[PDB]
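1. build me a model:
(one chain, ligands or ions: 3)
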Amino acid sequence: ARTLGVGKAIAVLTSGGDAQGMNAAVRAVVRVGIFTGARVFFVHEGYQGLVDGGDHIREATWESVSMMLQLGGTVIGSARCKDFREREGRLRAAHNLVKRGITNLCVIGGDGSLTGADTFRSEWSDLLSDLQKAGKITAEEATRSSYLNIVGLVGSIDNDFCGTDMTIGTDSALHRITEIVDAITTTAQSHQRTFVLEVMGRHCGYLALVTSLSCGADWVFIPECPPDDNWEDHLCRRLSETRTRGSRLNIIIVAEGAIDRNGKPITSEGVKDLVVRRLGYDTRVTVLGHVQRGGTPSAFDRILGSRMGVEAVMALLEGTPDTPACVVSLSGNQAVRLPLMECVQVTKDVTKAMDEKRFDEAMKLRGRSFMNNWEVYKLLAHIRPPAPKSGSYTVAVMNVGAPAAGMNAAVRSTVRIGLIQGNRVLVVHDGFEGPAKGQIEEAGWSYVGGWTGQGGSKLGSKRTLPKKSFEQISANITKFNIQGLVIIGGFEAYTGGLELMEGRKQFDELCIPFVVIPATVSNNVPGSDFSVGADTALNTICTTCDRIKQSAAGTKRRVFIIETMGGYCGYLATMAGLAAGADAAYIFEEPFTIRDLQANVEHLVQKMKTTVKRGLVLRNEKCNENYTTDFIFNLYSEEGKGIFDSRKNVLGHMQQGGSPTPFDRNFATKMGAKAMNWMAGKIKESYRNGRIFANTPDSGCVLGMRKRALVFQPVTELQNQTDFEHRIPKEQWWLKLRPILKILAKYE
Ligand SMILES: Nc1ncnc2c1ncn2[C@@H]1O[C@H](COP(=O)(O)OP(=O)(O)O)[C@@H](O)[C@H]1O
Ligand SMILES: Nc1ncnc2c1ncn2[C@@H]1O[C@H](COP(=O)(O)OP(=O)(O)O)[C@@H](O)[C@H]1O
Ligand SMILES: Nc1ncnc2c1ncn2[C@@H]1O[C@H](COP(=O)(O)OP(=O)(O)O)[C@@H](O)[C@H]1O
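-> Numbers count the residues shown, from 1 in each chain. Ligands and ions are numbered 1, 2, ... in the order given. You can find the structure just below:
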């Protein structure tokens, strides 16, 4: 309760380099801290200000952190303080903390900033014994002894720190690198242009690799897996092969830290020389640099910051004199608290691992998804397909339902990995209306050329179901020889999937296996924590929310009521509501009585009266049939008659050809591969009599992200896990957030 951090005060601090999201993190720490009834002190300019003092440590006020969520970089400012690397420095800062009573330290930094704080709470003890030779009164110390616990949120655009699935800013970083390539690409038309982007990457190929998977990079260079002997030619033959195969351009991403087998760095510029001294085409080089670090923070990063924030402050109060250092982290999509040292003493271990030419090892400590992205990437950018024909299983891929950003990313993968396996792959136009009307065709390796970035649905999707036309489809699945189905779509994908099983009872043809890759703006599919194209939507809501809000700022003291999409699923609403820091986001999964609405409006008002000048009120397009937008609006209006102005617009259904964000492109890529892979199997094990017959419920699935790993779940199994009238899954991880969303809004 709010009786947790009373008689307790904490110092927050950025350190290291600006990472879009640090502000949101700070804000969280400030507010949740003040909320725990504790006191929060700012401490400007990284570890410096802590070393310095007085003027560098103002006390934080609630209002102090508004207008931050969306602001790039750090407002509490960061520095590089070399002073802190030595004891004297600490003696100095530690002095400054005990002088103000602060006993809790929040450090939002990185591999370094972290290990600094790390090796501080460490030898803090004697630091006190030392401060007693004169320093301060042993009385202001007696009761401020062994309780200086510290936690550390990892900000970092290179996302290298070991232990967390995402560091703050890297999504944003990814966005930047993408926007460029996005452009660098949509207009290179004019000669076989060959770009050479050099992205951030000390001793970490993450942004490097990922940017390559989204762009459809022709070649990459990553620290952890050096090209070893040969290659120039490899890359030439490559860039050369693709030349004849037809191509407007080439993109060769290069991690900064790009080295060769021997450690003697491969230079972006050198790559350029090569590609020209050999095949010679206008080959240019760009070196993004310190921009990747700016721009405004993405929904994810705004959100990740808020989450880590609270996790930090909590870890800070629940702290103890018998507990080790905390490093809140995202993991399996749930916040964890990992031991600081363990983390650092490891994240470090990956560099050594690399120092010694032990890259297989380096690649190991990175392990996770990394290794996959790697293998999957090489595969998809791959030279080309081997010897086809023969008794190759043939699969069909289709889209079903409302369109999404990522569908093309998914289809492209599904097909390619398909051909890499040696299987035939048909492509279906217009979801189920497809096998039915029979608009099916074979997809060659190019059919999906550079789709990865294209939004909307190249293939065509319709949310119509299949039952009413099994005759037709079964007829076609028999004529085209479809013997496996990969369905990319949303609730109708799942729903039409269940509709398939039933068919297995009446039709032999239907007795093939099928996977369902979730692609829905709304994130309403049972089976996964995230569908594809959700971020892309969620990232557009956020944007225009910020616009609407931070606009017409002339009228001053005004409130906006915004209605987001998502049917009955209040994911978008809830998430955006938290990313654009709205005072309230009325969603369906959490019913509200008018006694609430009031308590809620008799609340924004008390704010529009004092501190705040702009109000944000988000409402799910279905949170409730009577308390309509128009209801909420007028209620919010009248009630704020004197005090403020207020307008209300309905975003409605947009993102027509909305280009998928780096994350959706990746998510949609990792999957369509993971499925065409899994399907290779089921078609294998479902063959028995020179016929293929799946009639188990192991075939026919929905592939979803489940707190930590993808899992093929059987449709029939999810049924009692899903509300069908509202078309929303029954368990929704994110409802767990609402509270933290109401906290940052200063409620309860
Ligand atoms: N080993 C260390 N001991 C003490 N402070 C450190 C250490 N490493 C880094 N720092 C501090 O972290 C801040 C920035 O270091 P950097 O190496 O840039 O960390 P990061 O990679 O997390 O941004 C500076 O205040 C620096 O003094
Ligand atoms: N845009 C995002 N929206 C939601 N979660 C995200 C986003 N970006 C990263 N994450 C989180 O980071 C986790 C770990 O990512 P990871 O396994 O390394 O794959 P990638 O290499 O695609 O990040 C994702 O599974 C997800 O939980
Ligand atoms: N797109 C790419 N970017 C960077 N390296 C690549 C790419 N594609 C292939 N390679 C590298 O080519 C080398 C050989 O490719 P591989 O698939 O192992 O077949 P083979 O070893 O017979 O040439 C590997 O080191 C692989 O990492």
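
2. would you mind naming what in the chain lies close to ligand 3?
-> Neighbours of ligand 3 within the chain, by CB under 6 Å from any ligand atom: 219, 220, 234, 378, 381. No exception for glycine: its C-beta is placed from N, CA and C like everyone else's.

3. mind checking how far the third one is from residue 222?
-> Read that as residue 234. As judged by CB to CB, to the nearest Å, residue 234 and residue 222 stand 15 Å apart.

4. more neighbours: which of these two?
-> Taking other CB atoms under 10 Å, residue 234 and residue 222 do not tie; residue 222 has more neighbours (28 against 13).

5. part of a helix, is that one?
-> No. According to DSSP: H, G, I helix; E, B strand; the rest coil, residue 222 belongs to no helix; its state is coil.

6. that one against residue 260, yeah?
-> No. The pair residue 222 and residue 260 fails to qualify as a contact (CB atoms under 8 Å) at a distance of 11.8 Å.

7. give the helix, strand or coil label for residue 100.
-> Going by three-state DSSP: residue 100 is coil.

8. residues touching it, list them.
-> 9, 11, 41, 57 (CB atoms under 8 Å, 6 or more residues apart in numbering).

9. about what we covered before: most neighbours, which of the residues of the chain next to ligand 3?
-> residue 220 (26 neighbours).

10. list the buried residues of stretch 175-193.
-> 175, 176, 177, 178, 180, 181, 184, 185, 188, 192, 193 (16 or more other CB atoms under 10 Å).

11. nearest spatial neighbour of the residue in the stretch 251-400 of the chain that ligand 2 sits nearest to, chain-adjacent residues omitted?
-> In the stretch 251-400 of the chain, the residue that lies nearest ligand 2 is residue 369 (3.3 Å; CB to the nearest ligand atom). In space, and not counting its chain neighbours, residue 369 is closest to residue 670: 7.6 Å by CB to CB, 6 or more residues apart in numbering.

12. so what's the residue count around whichever residue of the stretch 451-600 of the chain sits closest to ligand 1?
-> Nearest residue of the stretch 451-600 of the chain to ligand 1 (CB to the nearest ligand atom) works out as residue 579 at 24.7 Å. By other CB under 10 Å, 29 other residues sit near residue 579.

13. tell me which other helices or strands the helix or strand where residue 30 lies touches.
-> Applying DSSP states H and E as the criterion places residue 30 in helix 22-35. When contacts are defined as 3 or more CB pairs under 8 Å, 6 or more residues apart in numbering; DSSP states H and E, helix 22-35 sits against strand 39-41, strand 168-169, helix 299-317, helix 738-743.

14. angle of it against helix 299-317?
-> Here helix 22-35 points in a direction 40 degrees away from that of helix 299-317 (axes from the mean of the first three to the mean of the last three CA atoms, to 10 degrees).

15. tell me if helix 22-35 is near ligand 1.
-> No. Helix 22-35 lies apart from ligand 1 when judged by CB under 6 Å from any ligand atom; the minimum separation is 11.0 Å.

16. could you give the separation of that helix from the chain centroid?
-> Mean-position distance between helix 22-35 and its chain equals 21 Å (CA atoms, centre = their mean, to the nearest Å).
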